[PDB]
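Reading through the structure tokens given below for one structure.
Ideal geometry is used to build each Cβ from the backbone, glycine not excepted, and the neighbour counts take in all protein chains shown. Throughout, read-outs are computed from the coordinates displayed, never taken from laboratory work.
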Amino acid sequence: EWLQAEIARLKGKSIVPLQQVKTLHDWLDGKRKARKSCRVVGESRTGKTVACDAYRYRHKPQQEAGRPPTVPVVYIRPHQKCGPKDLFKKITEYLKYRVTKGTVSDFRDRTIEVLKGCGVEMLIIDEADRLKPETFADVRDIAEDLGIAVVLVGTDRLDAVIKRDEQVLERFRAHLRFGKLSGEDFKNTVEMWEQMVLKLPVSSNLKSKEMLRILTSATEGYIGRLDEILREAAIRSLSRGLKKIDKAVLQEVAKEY
Amino acid sequence: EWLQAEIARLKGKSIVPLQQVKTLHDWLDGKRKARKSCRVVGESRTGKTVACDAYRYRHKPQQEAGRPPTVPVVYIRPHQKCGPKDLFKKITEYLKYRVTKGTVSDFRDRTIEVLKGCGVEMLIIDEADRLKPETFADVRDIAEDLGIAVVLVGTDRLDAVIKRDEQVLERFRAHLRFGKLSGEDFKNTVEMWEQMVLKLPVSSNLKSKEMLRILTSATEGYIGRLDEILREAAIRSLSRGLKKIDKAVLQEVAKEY
Amino acid sequence: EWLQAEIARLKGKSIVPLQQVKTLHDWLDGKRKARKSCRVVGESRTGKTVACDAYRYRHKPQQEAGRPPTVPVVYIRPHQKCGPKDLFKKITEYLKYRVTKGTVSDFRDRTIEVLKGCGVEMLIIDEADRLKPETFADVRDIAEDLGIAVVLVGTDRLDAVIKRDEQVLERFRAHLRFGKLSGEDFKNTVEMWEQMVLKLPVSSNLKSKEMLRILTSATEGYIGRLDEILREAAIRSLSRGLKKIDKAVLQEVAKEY
Amino acid sequence: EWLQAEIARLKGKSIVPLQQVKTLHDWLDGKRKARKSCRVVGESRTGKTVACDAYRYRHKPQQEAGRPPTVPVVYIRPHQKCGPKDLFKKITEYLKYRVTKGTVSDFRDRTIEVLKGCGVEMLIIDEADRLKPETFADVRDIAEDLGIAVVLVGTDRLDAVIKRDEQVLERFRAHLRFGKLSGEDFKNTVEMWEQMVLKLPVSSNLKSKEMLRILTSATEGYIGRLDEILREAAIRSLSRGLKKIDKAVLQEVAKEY
Amino acid sequence: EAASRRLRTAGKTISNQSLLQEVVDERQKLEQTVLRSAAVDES
Amino acid sequence: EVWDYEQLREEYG
Amino acid sequence: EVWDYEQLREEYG
Ligand SMILES: Nc1ncnc2c1ncn2[C@@H]1O[C@H](COP(=O)(O)OP(=O)(O)OP(=O)(O)O)[C@@H](O)[C@H]1O
Ligand SMILES: Nc1ncnc2c1ncn2[C@@H]1O[C@H](COP(=O)(O)OP(=O)(O)OP(=O)(O)O)[C@@H](O)[C@H]1O
Ligand SMILES: Nc1ncnc2c1ncn2[C@@H]1O[C@H](COP(=O)(O)OP(=O)(O)OP(=O)(O)O)[C@@H](O)[C@H]1O
Ligand SMILES: Nc1ncnc2c1ncn2[C@@H]1O[C@H](COP(=O)(O)OP(=O)(O)OP(=O)(O)O)[C@@H](O)[C@H]1O
Ligand SMILES: [Mg+2]
Ligand SMILES: [Mg+2]
Ligand SMILES: [Mg+2]
Ligand SMILES: [Mg+2]
């Protein structure tokens, strides 16, 4: 049946090439050329993690015959309270090596060995605020012992962690902020989410200026609210046998907050 | 009967001429020509052992009318905790000589004797991490005193064992990495298994995106998982009177991983 | 191609003989002559590390045939939470010795043995605040038993660490403070960078008082900010087809901090 | 065929008169004349074995009409975990006596007799770390009872073994440190290898800046790495029909380390 | 004037160079930056 | 254009 | 005079 397959995509996640993502990708290209360590900051659900993943994918590992892969961009997200051993494990496993049993000293030396030769040139640490205060020293040592641009990604929660160590603060001072959208950029984004993401059976014409108040009141300009609303409404509409997102559905979803 | 004949075939093993096999063979040919010692490292079930077997079969012993055979490539897998006498016994029996009862010194001198005259150019030691640490000295002496390219094969556990002895580490510094399959290479490998390995009466259409999705999730790029899933799925399918693998049987197998 | 080579030049680091570096080098010569242990303290990116690194390259090892090298100055940066075996391993490896697995007592005796005979007379420990509280007792015994001027380098976090141990504080009271720089020598330092570091084909005229203003505001007197802004401004300007750094690019960089 | 002759040449080994070889030989001439027991210590693949082997050829056996040969230098490498009998076997076989099977005591008495009879004055024991603890007592008795300089050759593992028995430690206090190549000495070594070892039809100019940077990074100053890299790179270049080592072939080899 | 207090109490070497840093390295800050709004930028 | 995390897992992976 | 960080290693070596 048709409806269950639409639900199976609408409960999924997708990537939309917003201009915010483009702007980050030009910036990360400049940092990767300069090997410039830096940070990406901005409120929750602003699209940072999805923009970072899109950068990983477009700069995927290149295979070379019988060599370790060339992996220009390594993306990791630490587990909470990430120590040095946890950091080294995530980096080495990302490069498709297996960690052996060993000391932190073994893990460090093995990680530095494979950060070389795999030709890593950027390290993106998402949820960089999950790093333990002692493991930033190893992150800093990677940044300056190798020609690697380390990009710390977090919310303003990260800046509190950063400013608690002036050696971290002074290495990651350069920054880019993901902001909330508004106005015509929000209108174009809302238009994109109808006509590119949902691709629903019958249009709702989400350029409409009045219902844009309903979105704004729930969405506050968070993309990660906007993308949530429409999938909730569309699944309900297609569950209810409505070929469009009706106002009665959008406002009911937007009322759950 | 048809069924038991097909089951007896699928139960077995075979060698598929994957590109990573050819890559290793050309590299081993270079190392053998130069008599350079080296190591082969890669994740478990990535195909290292089959590729090393395929090499020594392409370079099997040559008879010369009542001389001992010219045997340019020796392949051994040591048993666990292989001591020096075990190692010498492995090598001697490969060259078609019987080990007479004697001391380790007698075994060493006899092995050194028959590595000459058989004209051994390359010695491949698979599961080289099973060697006792004292046994590496005798492996180094074979590389040093005879002009023999010794190739250590193992997983990342070998790379840790080797780094516990600078004299071994510094001799086997050159390496080849065996990788997992992914992407287009994995899609071609699935196509080859359907055509060249399983050889069912009817096309299983394993190139299909829905089939690749199942296979990619369960195989994770390990050629060992790919082989042992598809053979078992074919055996299950034939046992049910199906003339091909189907999604339901394939999912039923893949669910066990 | 022109650009990729110059970009790779700007992407690497350089050293410039600033008066702070010259001042430290004379001070370290006095301390090394006197065998006086001391600390070098100052805010991040004031140039302490580059200055201490330049000091060891100016006092390079002397080799004489068949002896271990005469190495007057040893420079180490400990890993985070450096214990005594980590410290001993750092010193012995700098002196071109391989450590053999053994007890702390064995690592200690081997380090004391080679700190003699290599003729070490100054030990610079960069980011000494990484040292565990227990390993400071071995640092003090190196300073007291041998005739070695130990130099602790760090931020004010080092002063926090050593004030918690009376016996460490009193041995390392003699100190030199690295400063941020502003005005005349800052103006000279900006000019020195465009003369000796950027080497762009056309003059950027960063000597211009309005260019010095924006650099004053962003670099805030840290040489590690000044270097990173100009290098990043060069790569952007060259990549945008500009022969020159000018405010339209320089202030785009400067606003990024 | 010319190519097969050139590969056969580059495949092998040759002795190059490096300055560290002359240093060792002059030092061994002193110790042999003073009849003084000593040790040669240096990290792996620094060239200790080739240098000691060159010394026994410089001081080959000498003959008198109707007399046994005087053999001033005996060179042995023990097998791993060498007991007394295997030491005595090694020595007596080098002096060209097939000692009939017998007791350790019979082997000892015969070894003393031939060490006296052949006029041996220096006994170089390469990889002396391979001796069992019980065997150093027999090595000490050869040094003490006969007028023989015993030279223990090994890595820093030998220094650790020797420290475990005061009676060996105090007999072998004198040492020569065999060191790695660096600086201009490395550059002179690279040029000697091109002119004297590789001897290719066209000059490769390996001493030039980019080539020297590749070799410096890949060899790290080990003469073992320098020899093995350039020989394989020469074999690869000639196999491709090149008349020289090309930069691409050199980096291709260097990338495997 | 305020910088000279934090300058000397930290034992810093007294100079215009160091004093200027203690200027640049809050109720009165909000108040003074309100008073910064001035007709010389507006007339 | 839009992408699926599951496609990107195969395609780039 | 310029003092390139690589030339300091070349001089130090
Ligand atoms: N560019 C985008 N295309 C498609 N969906 C998006 C995009 N950006 C955000 N999303 C949706 O909104 C959610 C929030 O995005 P993302 O996880 O990247 O934000 P974030 O700022 O990294 O969040 P946090 O700081 O909370 O971890 C995503 O899970 C996804 O559902
Ligand atoms: N070239 C090949 N052709 C066909 N099947 C293969 C090939 N290589 C591997 N296989 C399949 O994968 C299995 C595992 O491969 P193999 O034994 O070579 O692994 P390995 O890398 O040596 O593993 P381990 O390190 O765990 O011992 C084989 O037994 C076979 O089923
Ligand atoms: N004398 C100098 N010549 C050239 N560049 C310099 C000099 N001093 C500093 N730099 C630049 O500033 C950066 C920071 O300098 P440095 O690493 O010496 O700082 P630091 O004081 O040791 O910092 P931290 O305390 O944060 O570890 C250098 O990596 C280099 O880019
Ligand atoms: N004088 C030399 N001339 C030419 N090649 C040399 C020379 N010395 C060393 N080599 C090269 O370096 C290799 C390693 O040298 P060597 O066997 O002497 O090492 P070693 O110091 O005894 O090492 P280990 O301690 O690991 O046994 C040689 O096999 C040869 O390829
Ligand atoms: Mg996130
Ligand atoms: Mg195997
Ligand atoms: Mg520093
Ligand atoms: Mg040796």
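Is it true that C:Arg56 is in a loop (DSSP other than H, G, I, E, B), more than 14 Å from chain A (Cβ to nearest Cβ), over 17 Å from C:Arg171 (Cα atoms) and away from ligand 6 (no atom under 16 Å from the Cβ)? Spell out how you get there, then give the answer.
Values: in a loop (DSSP other than H, G, I, E, B): no; more than 14 Å from chain A (Cβ to nearest Cβ): yes; over 17 Å from C:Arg171 (Cα atoms): yes; away from ligand 6 (no atom under 16 Å from the Cβ): yes.
No.
Of all the residues that make up the range B:129-155, how many are part of a loop (DSSP other than H, G, I, E, B) and surrounded by 18 or more Cβ atoms within 10 Å (Cβ to Cβ)?
The initial filter retains those residues of the range B:129-155 that are part of a loop (DSSP other than H, G, I, E, B), namely B:132-134, B:146-148, B:155.
Now restrict to residues that are surrounded by 18 or more Cβ atoms within 10 Å (Cβ to Cβ): B:148, B:155.
Of the residues in that region, 2 qualify.
Checking the conditions here, which among A:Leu176, A:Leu181, A:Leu169, A:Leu158 is within 30 Å of C:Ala160 (Cβ to Cβ) and either outside any helix (DSSP H, G or I) or within 13 Å of another protein chain (Cβ to nearest Cβ) (or both)? Lay out the reasoning, then the answer.
Values: A:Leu176 fails: within 30 Å of C:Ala160 (Cβ to Cβ); A:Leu181 fails: within 30 Å of C:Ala160 (Cβ to Cβ); A:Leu158 fails: either outside any helix (DSSP H, G or I) or within 13 Å of another protein chain (Cβ to nearest Cβ) (or both).
One residue alone meets the criteria, A:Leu169.
Within the range D:1-55, how many residues are of a type in the set (S, T, N, Q), under 26 Å from C:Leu95 (Cα atoms) and more than 7 Å from ligand 4 (Cβ to nearest atom)? Break it down stepwise before answering.
So the first thing to find is which residues in the range D:1-55 are of a type in the set (S, T, N, Q), and the list is D:4, D:14, D:19-20, D:23, D:37, D:44, D:46, D:49.
Those still in the list that are under 26 Å from C:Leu95 (Cα atoms) too: D:19-20, D:23, D:37, D:44, D:46, D:49.
With more than 7 Å from ligand 4 (Cβ to nearest atom) added as a condition, the list becomes D:19-20, D:23, D:37.
So the count comes out to 4.
What are the pairs, 6+ residues apart or on separate chains, where a residue within the range D:2-18 that is within 15 Å of B:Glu121 (Cα to Cα) has its Cβ under 8 Å from a residue that is assigned to a loop (DSSP other than H, G, I, E, B)?
Here the result reads D:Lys11/B:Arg35; D:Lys11/B:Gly147; D:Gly12/B:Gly147, each pair linking the range D:2-18 to a residue that is assigned to a loop (DSSP other than H, G, I, E, B).
Can you tell me which residue among A:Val50, A:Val40 is away from every other protein chain (no Cβ under 11 Å) and either farther than 29 Å from A:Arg157 by Cβ or surrounded by 19 or more Cβ atoms within 10 Å (Cβ to Cβ) (or both)?
Values: A:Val50 fails: away from every other protein chain (no Cβ under 11 Å).
Answer to the check: A:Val40.
Would it be correct to say that B:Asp26 is farther than 30 Å from D:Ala8 by Cβ, in a helix (DSSP H, G or I), more than 16 Å from ligand 1 (Cβ to nearest atom) and out of contact with any helix residue (DSSP H, G or I) (no Cβ under 6 Å at 6 or more places or on another chain)?
Details: farther than 30 Å from D:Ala8 by Cβ: no; in a helix (DSSP H, G or I): yes; more than 16 Å from ligand 1 (Cβ to nearest atom): yes; out of contact with any helix residue (DSSP H, G or I) (no Cβ under 6 Å at 6 or more places or on another chain): yes.
Here the answer is no, as B:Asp26 does not meet what is asked.
All but one of (1) more than 26 Å from C:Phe107 (Cα to Cα); (2) within 14 Å of another protein chain (Cβ to nearest Cβ); (3) buried (at least 21 other Cβ atoms within 10 Å of the Cβ) hold for D:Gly83, so report the exception by its number.
It fails just one condition, (3).
Any residue at all in the range D:101-124 that is of a type in the set (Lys, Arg), within 16 Å of ligand 4 (Cβ to nearest atom) and within 14 Å of another protein chain (Cβ to nearest Cβ)? Step through it out loud before you land on a result.
Within the range D:101-124, the first condition is being of a type in the set (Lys, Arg), and the residues that meet it are D:101, D:108, D:110, D:116.
Those left that are additionally within 16 Å of ligand 4 (Cβ to nearest atom): none.
No - not one qualifying residue is present in the range D:101-124.
Quick one: count up the residues across the range E:1-27 that are loosely packed, with under 12 Cβ neighbours inside 10 Å, in a helix (DSSP H, G or I) and more than 11 Å from the chain's Cα centre (by Cα).
Qualifying residue count, the range E:1-27: 4.
All but one of (1) more than 10 Å from every other protein chain (Cβ to nearest Cβ); (2) crowded, with 20+ Cβ neighbours inside 10 Å; (3) within 28 Å of A:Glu166 (Cα to Cα); (4) in contact with a strand residue (DSSP E or B) (Cβ under 9 Å, 6 or more places away or on another chain) hold for C:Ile76; which doesn't?
Among (1) more than 10 Å from every other protein chain (Cβ to nearest Cβ); (2) crowded, with 20+ Cβ neighbours inside 10 Å; (3) within 28 Å of A:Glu166 (Cα to Cα); (4) in contact with a strand residue (DSSP E or B) (Cβ under 9 Å, 6 or more places away or on another chain), C:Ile76 violates only (2).
With the requirement that a residue be within 13 Å of chain B (Cβ to nearest Cβ) and surrounded by fewer than 17 Cβ atoms within 10 Å (Cβ to Cβ), what does the range D:86-97 give you?
Looking only at the range D:86-97, we keep the residues that are within 13 Å of chain B (Cβ to nearest Cβ), and these are D:86-90, D:93.
D:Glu93, the sole residue that qualifies.
Filter the range D:1-37 down to the residues that are small (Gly, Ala, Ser) and surrounded by fewer than 20 Cβ atoms within 10 Å (Cβ to Cβ) and list them by number.
Step one: of the range D:1-37, the residues small (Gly, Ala, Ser) are D:5, D:8, D:12, D:14, D:30, D:34, D:37.
Residues satisfying the conditions are D:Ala5, D:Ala8, D:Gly12, D:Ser14, D:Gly30, D:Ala34.
I'd like to know if the range C:38-48 contains one or more residues that are away from ligand 3 (no atom under 16 Å from the Cβ) and assigned to a loop (DSSP other than H, G, I, E, B).
There is no residue in the range C:38-48 that is away from ligand 3 (no atom under 16 Å from the Cβ) and assigned to a loop (DSSP other than H, G, I, E, B).
Anything in the range A:206-257 that is of a type outside the set (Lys, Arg), in a helix (DSSP H, G or I) and within 24 Å of the chain's Cα centre (by Cα)? List them, or say none. Even if it seems obvious, please write down each step before you answer.
First pass over the range A:206-257, keeping only residues of a type outside the set (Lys, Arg): A:206, A:208, A:210-212, A:214-224, A:226-230, A:232-235, A:237-239, A:241-242, A:245-246, A:248-254, A:256-257.
Right, trim to in a helix (DSSP H, G or I) and you get A:211-212, A:214-219, A:223-224, A:226-230, A:232-235, A:237-239, A:248-254.
Listed by number, the residues that qualify are A:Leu215, A:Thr216, A:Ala218, A:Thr219, A:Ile223, A:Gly224, A:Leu226, A:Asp227, A:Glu228, A:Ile229, A:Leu230, A:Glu232.
Consider A:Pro69 carefully, then state whether it is buried (at least 21 other Cβ atoms within 10 Å of the Cβ) and either within 14 Å of chain F (Cβ to nearest Cβ) or of a type outside the set (D, E, K, R) (or both). Talk me through it step by step, then tell me what you get.
Details: buried (at least 21 other Cβ atoms within 10 Å of the Cβ): no; either within 14 Å of chain F (Cβ to nearest Cβ) or of a type outside the set (D, E, K, R) (or both): yes.
It is false that A:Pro69 is buried (at least 21 other Cβ atoms within 10 Å of the Cβ) and either within 14 Å of chain F (Cβ to nearest Cβ) or of a type outside the set (D, E, K, R) (or both).
Which one is nearest to F:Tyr12 (Cα to Cα) among residues in the range A:32-75 that are in contact with a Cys (Cβ under 9 Å, 6 or more places away or on another chain) and within 16 Å of ligand 1 (Cβ to nearest atom)?
Applying the filter and picking the extreme gives A:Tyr75.
Looking for whichever is closer than 24 Å to C:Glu252 by Cα, away from ligand 5 (no atom under 16 Å from the Cβ) and exposed (fewer than 14 other Cβ atoms within 10 Å of the Cβ) here; the options are A:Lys209, A:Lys163. Which one fits?
Values: A:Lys209 fails: closer than 24 Å to C:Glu252 by Cα.
Just one listed residue meets the conditions, A:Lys163.
Collect the residues in the range C:212-225 that are of a type in the set (A, V, I, L, M) and farther than 16 Å from C:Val249 by Cβ, keeping them in residue-number order.
Filtering the range C:212-225 for residues of a type in the set (A, V, I, L, M) gives C:212, C:214-215, C:218, C:223.
Passing the criteria: C:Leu212, C:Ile223.
Which of the residues belonging to the range A:132-168 are touching a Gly at 6+ places or on another chain (Cβ under 9 Å) and charged (D, E, K, R)?
Correct list: A:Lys132, A:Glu134, A:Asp156.
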